[PDB]
>>> print(open('structure.csv').read())   # CSV, N, CA and C atoms
chain,number,residue,atom,x,y,z
A,81,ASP,N,148.2,-41.9,5.0
A,81,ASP,CA,147.7,-41.7,3.7
A,81,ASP,C,147.3,-40.2,3.5
A,82,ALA,N,147.3,-39.7,2.3
A,82,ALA,CA,147.0,-38.3,2.1
A,82,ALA,C,145.5,-38.1,2.1
A,83,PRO,N,145.0,-36.9,2.2
A,83,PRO,CA,143.6,-36.7,2.0
A,83,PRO,C,143.2,-36.9,0.5
A,84,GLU,N,144.1,-36.6,-0.4
A,84,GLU,CA,143.9,-36.9,-1.8
A,84,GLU,C,143.6,-38.4,-2.0
A,85,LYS,N,144.5,-39.2,-1.5
A,85,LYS,CA,144.4,-40.7,-1.7
A,85,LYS,C,143.1,-41.2,-1.1
A,86,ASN,N,142.8,-40.8,0.2
A,86,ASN,CA,141.6,-41.3,0.9
A,86,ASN,C,140.4,-40.7,0.1
A,87,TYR,N,140.4,-39.5,-0.4
A,87,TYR,CA,139.3,-38.9,-1.0
A,87,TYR,C,139.0,-39.6,-2.4
A,88,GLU,N,140.0,-39.7,-3.2
A,88,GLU,CA,139.7,-40.3,-4.5
A,88,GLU,C,139.5,-41.8,-4.5
A,89,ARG,N,140.1,-42.5,-3.5
A,89,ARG,CA,139.8,-43.9,-3.2
A,89,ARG,C,138.4,-44.0,-2.7
A,90,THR,N,137.9,-43.1,-1.9
A,90,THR,CA,136.5,-43.1,-1.5
A,90,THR,C,135.6,-42.9,-2.7
A,91,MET,N,135.9,-42.1,-3.6
A,91,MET,CA,135.1,-41.9,-4.8
A,91,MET,C,135.1,-43.1,-5.7
A,92,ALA,N,136.2,-43.9,-5.8
A,92,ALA,CA,136.2,-45.1,-6.5
A,92,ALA,C,135.3,-46.2,-5.8
A,93,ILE,N,135.4,-46.2,-4.5
A,93,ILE,CA,134.6,-47.2,-3.7
A,93,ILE,C,133.1,-46.9,-3.8
A,94,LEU,N,132.7,-45.6,-3.8
A,94,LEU,CA,131.3,-45.2,-3.9
A,94,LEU,C,130.8,-45.4,-5.3
A,95,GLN,N,131.7,-45.3,-6.3
A,95,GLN,CA,131.2,-45.6,-7.7
A,95,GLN,C,130.9,-47.1,-7.8
A,96,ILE,N,131.9,-48.0,-7.4
A,96,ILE,CA,131.7,-49.4,-7.5
A,96,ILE,C,130.5,-49.9,-6.7
A,97,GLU,N,130.3,-49.4,-5.5
A,97,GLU,CA,129.1,-49.8,-4.7
A,97,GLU,C,127.8,-49.3,-5.2
A,98,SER,N,127.8,-48.1,-5.7
A,98,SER,CA,126.5,-47.5,-6.3
A,98,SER,C,126.2,-48.3,-7.6
A,99,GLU,N,127.2,-48.7,-8.4
A,99,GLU,CA,126.9,-49.5,-9.6
A,99,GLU,C,126.4,-50.9,-9.2
A,100,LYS,N,127.0,-51.5,-8.2
A,100,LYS,CA,126.5,-52.8,-7.8
A,100,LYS,C,125.1,-52.7,-7.2
A,101,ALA,N,124.7,-51.6,-6.5
A,101,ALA,CA,123.4,-51.4,-6.0
A,101,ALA,C,122.4,-51.2,-7.1
A,102,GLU,N,122.7,-50.5,-8.2
A,102,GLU,CA,121.8,-50.3,-9.3
A,102,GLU,C,121.7,-51.6,-10.1
A,103,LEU,N,122.7,-52.4,-10.2
A,103,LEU,CA,122.6,-53.7,-10.8
A,103,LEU,C,121.8,-54.7,-10.0
A,104,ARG,N,121.8,-54.5,-8.7
A,104,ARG,CA,120.9,-55.4,-7.9
A,104,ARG,C,119.5,-55.0,-8.0
A,105,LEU,N,119.2,-53.7,-8.1
A,105,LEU,CA,117.8,-53.3,-8.3
A,105,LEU,C,117.3,-53.7,-9.7
A,106,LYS,N,118.1,-53.6,-10.7
A,106,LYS,CA,117.8,-54.1,-12.0
A,106,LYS,C,117.6,-55.6,-12.1
A,107,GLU,N,118.4,-56.3,-11.3
A,107,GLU,CA,118.3,-57.8,-11.3
A,107,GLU,C,117.0,-58.2,-10.7
A,108,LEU,N,116.6,-57.5,-9.6
A,108,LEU,CA,115.2,-57.8,-9.1
A,108,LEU,C,114.1,-57.4,-10.0
A,109,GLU,N,114.2,-56.3,-10.8
A,109,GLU,CA,113.2,-56.0,-11.7
A,109,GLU,C,113.1,-56.9,-12.9
A,110,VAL,N,114.3,-57.4,-13.4
A,110,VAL,CA,114.4,-58.4,-14.4
A,110,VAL,C,113.7,-59.7,-14.0
A,111,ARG,N,114.0,-60.1,-12.8
A,111,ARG,CA,113.4,-61.4,-12.2
A,111,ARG,C,111.9,-61.3,-12.1
A,112,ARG,N,111.4,-60.1,-11.7
A,112,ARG,CA,110.0,-59.9,-11.5
A,112,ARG,C,109.3,-59.9,-12.9
A,113,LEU,N,109.9,-59.3,-13.9
A,113,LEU,CA,109.3,-59.3,-15.2
A,113,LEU,C,109.4,-60.6,-15.9
A,114,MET,N,110.5,-61.3,-15.7
A,114,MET,CA,110.6,-62.6,-16.3
A,114,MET,C,109.8,-63.7,-15.7
A,115,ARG,N,109.5,-63.6,-14.4
A,115,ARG,CA,108.6,-64.5,-13.8
A,115,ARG,C,107.1,-64.2,-14.1
A,116,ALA,N,106.8,-62.9,-14.3
A,116,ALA,CA,105.4,-62.5,-14.6
A,116,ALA,C,105.1,-62.8,-16.0
A,117,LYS,N,105.9,-62.5,-17.0
A,117,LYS,CA,105.6,-62.6,-18.4
A,117,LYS,C,106.1,-63.9,-19.0
A,118,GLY,N,107.3,-64.4,-18.6
A,118,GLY,CA,107.7,-65.7,-19.1
A,118,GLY,C,108.3,-65.7,-20.4
A,119,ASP,N,108.9,-64.6,-20.9
A,119,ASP,CA,109.5,-64.5,-22.2
A,119,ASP,C,111.0,-64.3,-22.2
A,120,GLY,N,111.6,-64.5,-21.1
A,120,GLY,CA,113.1,-64.3,-21.0
A,120,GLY,C,113.8,-65.7,-21.1
A,121,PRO,N,115.1,-65.7,-20.9
A,121,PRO,CA,115.8,-67.0,-20.8
A,121,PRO,C,115.6,-67.7,-19.5
A,122,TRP,N,115.0,-67.0,-18.5
A,122,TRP,CA,114.8,-67.6,-17.2
A,122,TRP,C,113.4,-68.0,-17.0
A,123,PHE,N,113.1,-68.9,-16.1
A,123,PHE,CA,111.8,-69.5,-15.7
A,123,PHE,C,111.2,-70.2,-16.9
A,124,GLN,N,112.1,-70.8,-17.8
A,124,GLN,CA,111.6,-71.5,-18.9
A,124,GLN,C,111.4,-73.0,-18.5
A,125,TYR,N,110.2,-73.2,-17.9
A,125,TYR,CA,109.9,-74.6,-17.4
A,125,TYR,C,109.5,-75.4,-18.7
A,126,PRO,N,109.9,-76.7,-18.7
A,126,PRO,CA,110.0,-77.4,-20.0
A,126,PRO,C,108.6,-77.8,-20.5
A,127,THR,N,108.4,-77.8,-21.8
A,127,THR,CA,107.3,-78.4,-22.5
A,127,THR,C,107.7,-79.6,-23.2
A,128,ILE,N,106.8,-80.3,-23.9
A,128,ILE,CA,107.1,-81.5,-24.6
A,128,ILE,C,107.9,-81.1,-25.9
A,129,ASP,N,109.0,-81.8,-26.1
A,129,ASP,CA,109.8,-81.7,-27.4
A,129,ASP,C,108.9,-82.2,-28.5
A,130,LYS,N,108.8,-81.4,-29.5
A,130,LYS,CA,108.0,-81.8,-30.7
A,130,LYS,C,108.8,-82.7,-31.7
A,131,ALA,N,110.0,-83.0,-31.4
A,131,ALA,CA,110.8,-84.0,-32.1
A,131,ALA,C,110.3,-85.4,-31.8
A,132,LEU,N,109.6,-85.6,-30.7
A,132,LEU,CA,109.1,-86.9,-30.4
A,132,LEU,C,107.9,-87.3,-31.2
A,133,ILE,N,107.2,-86.4,-31.9
A,133,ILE,CA,106.0,-86.6,-32.6
A,133,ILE,C,106.3,-87.4,-33.9
A,134,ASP,N,105.6,-88.5,-34.1
A,134,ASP,CA,105.7,-89.3,-35.3
A,134,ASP,C,104.8,-88.6,-36.4
A,135,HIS,N,105.4,-88.4,-37.6
A,135,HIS,CA,104.6,-87.7,-38.7
A,135,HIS,C,104.4,-88.7,-39.8
A,136,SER,N,104.5,-90.0,-39.6
A,136,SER,CA,104.2,-90.9,-40.6
A,136,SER,C,102.7,-91.1,-40.9
A,137,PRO,N,102.4,-91.6,-42.1
A,137,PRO,CA,101.0,-92.0,-42.3
A,137,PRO,C,100.6,-93.2,-41.4
A,138,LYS,N,99.6,-93.0,-40.5
A,138,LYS,CA,99.3,-94.0,-39.5
A,138,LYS,C,98.4,-95.1,-40.1
A,139,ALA,N,97.8,-95.9,-39.3
A,139,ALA,CA,96.9,-97.0,-39.7
A,139,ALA,C,95.6,-96.4,-40.2
A,140,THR,N,95.0,-95.5,-39.5
A,140,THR,CA,93.8,-94.8,-40.0
A,140,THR,C,94.0,-93.4,-40.4
A,141,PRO,N,93.3,-92.9,-41.4
A,141,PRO,CA,93.7,-91.6,-41.9
A,141,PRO,C,93.2,-90.4,-41.1
A,142,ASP,N,92.2,-90.5,-40.3
A,142,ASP,CA,91.6,-89.3,-39.6
A,142,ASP,C,92.4,-89.1,-38.3
A,143,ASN,N,93.5,-88.4,-38.4
A,143,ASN,CA,94.4,-88.0,-37.3
A,143,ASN,C,95.3,-86.8,-37.6
B,1,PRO,N,81.3,-72.8,-30.1
B,1,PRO,CA,82.1,-72.8,-31.3
B,1,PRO,C,81.3,-72.9,-32.6
B,2,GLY,N,81.9,-73.2,-33.7
B,2,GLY,CA,81.2,-73.2,-35.0
B,2,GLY,C,80.3,-74.4,-35.2
B,3,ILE,N,79.5,-74.3,-36.3
B,3,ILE,CA,78.6,-75.4,-36.6
B,3,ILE,C,79.3,-76.4,-37.5
B,4,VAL,N,79.2,-77.7,-37.2
B,4,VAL,CA,79.8,-78.7,-38.1
B,4,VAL,C,79.0,-78.7,-39.4
B,5,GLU,N,79.7,-78.9,-40.5
B,5,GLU,CA,79.1,-78.9,-41.8
B,5,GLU,C,79.1,-80.3,-42.4
B,6,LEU,N,77.9,-80.8,-42.6
B,6,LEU,CA,77.7,-82.2,-43.1
B,6,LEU,C,77.1,-82.2,-44.5
B,7,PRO,N,77.4,-83.2,-45.3
B,7,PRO,CA,76.7,-83.3,-46.6
B,7,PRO,C,75.3,-83.8,-46.4
B,8,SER,N,74.4,-83.5,-47.3
B,8,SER,CA,73.0,-83.9,-47.3
B,8,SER,C,72.9,-85.4,-47.5
B,9,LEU,N,71.8,-86.0,-47.3
B,9,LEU,CA,71.5,-87.4,-47.5
B,9,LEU,C,71.5,-87.7,-49.0
B,10,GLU,N,71.2,-86.7,-49.8
B,10,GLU,CA,71.3,-86.9,-51.3
B,10,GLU,C,72.8,-87.1,-51.7
B,11,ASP,N,73.7,-86.5,-51.0
B,11,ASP,CA,75.1,-86.6,-51.4
B,11,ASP,C,75.7,-87.9,-50.9
B,12,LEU,N,75.0,-88.6,-50.0
B,12,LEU,CA,75.5,-89.9,-49.5
B,12,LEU,C,74.8,-91.1,-50.2
B,13,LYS,N,74.0,-90.8,-51.3
B,13,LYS,CA,73.3,-91.8,-52.0
B,13,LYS,C,74.3,-92.3,-53.1
B,14,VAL,N,74.5,-93.6,-53.1
B,14,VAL,CA,75.3,-94.3,-54.1
B,14,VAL,C,74.8,-95.7,-54.2
B,15,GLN,N,75.0,-96.4,-55.4
B,15,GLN,CA,74.7,-97.8,-55.5
B,15,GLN,C,75.8,-98.6,-54.8
B,16,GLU,N,75.4,-99.2,-53.7
B,16,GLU,CA,76.3,-99.9,-52.8
B,16,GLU,C,76.7,-101.2,-53.4
B,17,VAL,N,77.8,-101.8,-53.0
B,17,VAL,CA,78.2,-103.1,-53.3
B,17,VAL,C,77.7,-104.0,-52.3
B,18,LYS,N,76.5,-104.5,-52.5
B,18,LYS,CA,75.7,-105.3,-51.5
B,18,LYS,C,76.0,-106.8,-51.6
B,19,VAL,N,77.3,-107.1,-51.5
B,19,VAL,CA,77.7,-108.5,-51.5
B,19,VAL,C,78.3,-108.9,-50.1
B,20,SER,N,78.6,-110.1,-49.9
B,20,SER,CA,79.1,-110.6,-48.6
B,20,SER,C,80.6,-110.5,-48.6
B,21,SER,N,81.2,-110.7,-47.4
B,21,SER,CA,82.6,-110.6,-47.2
B,21,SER,C,83.4,-111.7,-47.9
B,22,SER,N,82.8,-112.9,-48.0
B,22,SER,CA,83.4,-113.9,-48.7
B,22,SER,C,83.4,-113.7,-50.2
B,23,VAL,N,82.4,-113.0,-50.7
B,23,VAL,CA,82.3,-112.7,-52.1
B,23,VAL,C,83.4,-111.6,-52.4
B,24,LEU,N,83.7,-110.7,-51.5
B,24,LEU,CA,84.7,-109.7,-51.6
B,24,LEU,C,86.1,-110.4,-51.5
B,25,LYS,N,86.3,-111.2,-50.5
B,25,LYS,CA,87.6,-111.8,-50.2
B,25,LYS,C,87.9,-112.8,-51.3
B,26,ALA,N,86.9,-113.5,-51.9
B,26,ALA,CA,87.2,-114.3,-53.1
B,26,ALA,C,87.7,-113.5,-54.3
B,27,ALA,N,87.1,-112.3,-54.4
B,27,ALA,CA,87.4,-111.5,-55.6
B,27,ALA,C,88.5,-110.4,-55.3
B,28,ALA,N,89.1,-110.5,-54.1
B,28,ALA,CA,89.9,-109.4,-53.7
B,28,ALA,C,91.2,-109.2,-54.4
B,29,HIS,N,91.9,-110.3,-54.9
B,29,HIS,CA,93.1,-110.1,-55.6
B,29,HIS,C,92.9,-109.5,-57.0
B,30,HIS,N,91.9,-110.0,-57.7
B,30,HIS,CA,91.6,-109.4,-59.0
B,30,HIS,C,91.0,-108.0,-58.8
B,31,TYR,N,90.3,-107.7,-57.7
B,31,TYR,CA,89.9,-106.4,-57.4
B,31,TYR,C,91.0,-105.4,-57.2
B,32,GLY,N,92.0,-105.9,-56.5
B,32,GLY,CA,93.2,-105.0,-56.3
B,32,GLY,C,94.1,-104.9,-57.5
B,33,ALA,N,94.0,-105.9,-58.4
B,33,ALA,CA,94.7,-105.8,-59.7
B,33,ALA,C,94.0,-104.9,-60.6
B,34,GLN,N,92.7,-104.8,-60.7
B,34,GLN,CA,91.9,-104.2,-61.7
B,34,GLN,C,91.4,-102.8,-61.3
B,35,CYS,N,91.0,-102.6,-60.1
B,35,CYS,CA,90.4,-101.4,-59.6
B,35,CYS,C,91.4,-100.5,-58.9
B,36,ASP,N,92.7,-100.5,-59.4
B,36,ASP,CA,93.8,-99.9,-58.7
B,36,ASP,C,93.6,-98.3,-58.6
B,37,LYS,N,93.4,-97.7,-59.7
B,37,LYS,CA,93.5,-96.2,-59.8
B,37,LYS,C,92.5,-95.4,-59.0
B,38,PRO,N,91.1,-95.7,-59.1
B,38,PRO,CA,90.2,-95.0,-58.2
B,38,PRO,C,90.4,-95.3,-56.7
B,39,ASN,N,90.9,-96.5,-56.4
B,39,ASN,CA,91.1,-96.9,-55.0
B,39,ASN,C,92.3,-96.1,-54.5
B,40,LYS,N,93.4,-96.0,-55.2
B,40,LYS,CA,94.5,-95.3,-54.7
B,40,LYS,C,94.3,-93.7,-54.7
B,41,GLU,N,93.6,-93.2,-55.7
B,41,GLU,CA,93.1,-91.8,-55.6
B,41,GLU,C,92.4,-91.6,-54.4
B,42,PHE,N,91.5,-92.5,-54.0
B,42,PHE,CA,90.7,-92.3,-52.8
B,42,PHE,C,91.5,-92.4,-51.5
B,43,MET,N,92.4,-93.3,-51.5
B,43,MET,CA,93.2,-93.5,-50.2
B,43,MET,C,94.2,-92.4,-50.1
B,44,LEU,N,94.8,-91.9,-51.2
B,44,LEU,CA,95.6,-90.7,-51.2
B,44,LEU,C,94.8,-89.5,-50.7
B,45,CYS,N,93.6,-89.3,-51.2
B,45,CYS,CA,92.7,-88.2,-50.8
B,45,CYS,C,92.3,-88.3,-49.4
B,46,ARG,N,92.2,-89.5,-48.9
B,46,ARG,CA,91.7,-89.8,-47.6
B,46,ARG,C,92.8,-89.6,-46.5
B,47,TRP,N,94.1,-90.0,-46.8
B,47,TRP,CA,95.2,-89.7,-46.0
B,47,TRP,C,95.7,-88.2,-46.1
B,48,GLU,N,95.4,-87.5,-47.2
B,48,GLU,CA,95.8,-86.1,-47.3
B,48,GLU,C,94.8,-85.1,-46.7
B,49,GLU,N,93.5,-85.3,-47.1
B,49,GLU,CA,92.5,-84.4,-46.6
B,49,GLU,C,92.2,-84.6,-45.1
B,50,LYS,N,92.4,-85.8,-44.6
B,50,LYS,CA,92.1,-86.3,-43.2
B,50,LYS,C,90.7,-85.9,-42.8
B,51,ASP,N,89.8,-86.0,-43.8
B,51,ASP,CA,88.4,-85.6,-43.6
B,51,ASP,C,87.6,-86.4,-44.6
B,52,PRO,N,86.6,-87.2,-44.2
B,52,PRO,CA,85.8,-88.0,-45.1
B,52,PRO,C,84.8,-87.1,-45.9
B,53,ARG,N,84.6,-85.9,-45.6
B,53,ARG,CA,83.7,-85.0,-46.3
B,53,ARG,C,84.4,-84.4,-47.5
B,54,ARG,N,85.7,-84.4,-47.6
B,54,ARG,CA,86.4,-84.0,-48.8
B,54,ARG,C,86.7,-85.2,-49.8
B,55,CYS,N,86.2,-86.4,-49.5
B,55,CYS,CA,86.6,-87.6,-50.2
B,55,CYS,C,85.4,-88.3,-50.7
B,56,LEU,N,84.2,-87.7,-50.8
B,56,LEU,CA,83.0,-88.4,-51.1
B,56,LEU,C,82.9,-88.7,-52.6
B,57,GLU,N,83.5,-87.8,-53.5
B,57,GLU,CA,83.5,-88.1,-54.9
B,57,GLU,C,84.4,-89.2,-55.2
>>> encode(input="structure.csv", output="structure tokens")
Amino acid sequence: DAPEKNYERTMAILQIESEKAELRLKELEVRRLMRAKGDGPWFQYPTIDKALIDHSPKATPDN
Amino acid sequence: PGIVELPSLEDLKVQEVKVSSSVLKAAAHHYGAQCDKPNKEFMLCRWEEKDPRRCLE
């Protein structure tokens, strides 16, 4: 292979791997922030569905 | 937390219906026929306010 081919192929390889490395560091930072704060789509541990609540007038009024 | 607000003992004074339960149960059908409107105003206020302090009148 030519030095041109090896050179520019090395540049493409280095671009792809540097971009994957930056995305891995961002993935770690996103995971840390979403576990700490809990406002992302991840770490959403379930709560009680409020569709289960009965809203009818009950037997006694004070409720 | 906050202080609970209660009505005075003057606001809880009313002429009670001092009869027995058989006197009420004997009269209950005509009582439900005749005393409809204040009773249902009270029970509507009682299920909507959910507070016996807003229902004393």
>>> interface_residues(input="structure.csv", of="chain A", to="chain B", cutoff="12 Å", atoms="only C-alpha atoms", output="VMD selection string")
chain A and resid 136 to 143
>>> atom_distance(input="structure.csv", atom1="atom N of residue B:12", atom2="atom CA of residue B:40")
21.1 Å
>>> select_by_dssp(input="structure.csv", residues="chain B", states="helix (DSSP H, G or I)", output="number ranges by chain")
B: 21-26, 28-34, 36-49
>>> atom_distance(input="structure.csv", atom1="atom N of residue B:53", atom2="atom CA of residue B:5")
9.7 Å
>>> atom_distance(input="structure.csv", atom1="atom CA of residue B:25", atom2="atom CA of residue B:39")
16.0 Å
